[PDB]
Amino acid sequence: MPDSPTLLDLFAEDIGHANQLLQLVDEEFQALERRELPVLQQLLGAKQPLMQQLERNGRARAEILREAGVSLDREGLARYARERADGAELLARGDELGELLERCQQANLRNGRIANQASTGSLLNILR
């Protein structure tokens, strides 16, 4: 019976936002390499709404799983998914999101090593 689209929609939205974040972090890497200072502030401004959306959507996904009485990890998602028609897609998207968030975290650490990596670093700590 359970077939609400909400969880899958949250994953779909977050994959889009994580891809956009990764691209902005790469854009920032290029700017740093090229010593383009003015753009760095603008790239921070572009990352803000994404990190907010990722934070909020993480909290949404966590709340859905918690209310279903499952653990907030891949085994819990798998339990949630088990009897759902959309279950294989849930799992596939969850795993893709986990890879993208890790890629964002790494790329941001690479930039940081070169304030504007702070909120990115924090949000990704929280989300992982």
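Sequential numbering from 1, following the sequence displayed.
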| property | result |
| --- | --- |
| Where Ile114 meets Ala115 in the shown sequence, the number of deposited residues left unmodelled | 1 to 3 |
| Of 50-58 and 24-32, the one with larger mean CA B-factor | 50-58 |
| Of 1-9 and 118-126, the stretch whose C-alpha atoms average the higher B-factor in the entry | 118-126 |
| Among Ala85, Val70, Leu37, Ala92 - the residue whose C-alpha B-factor is largest in the record | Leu37 |
| Chain thirds of CA B-factor: placement of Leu109 | highest |
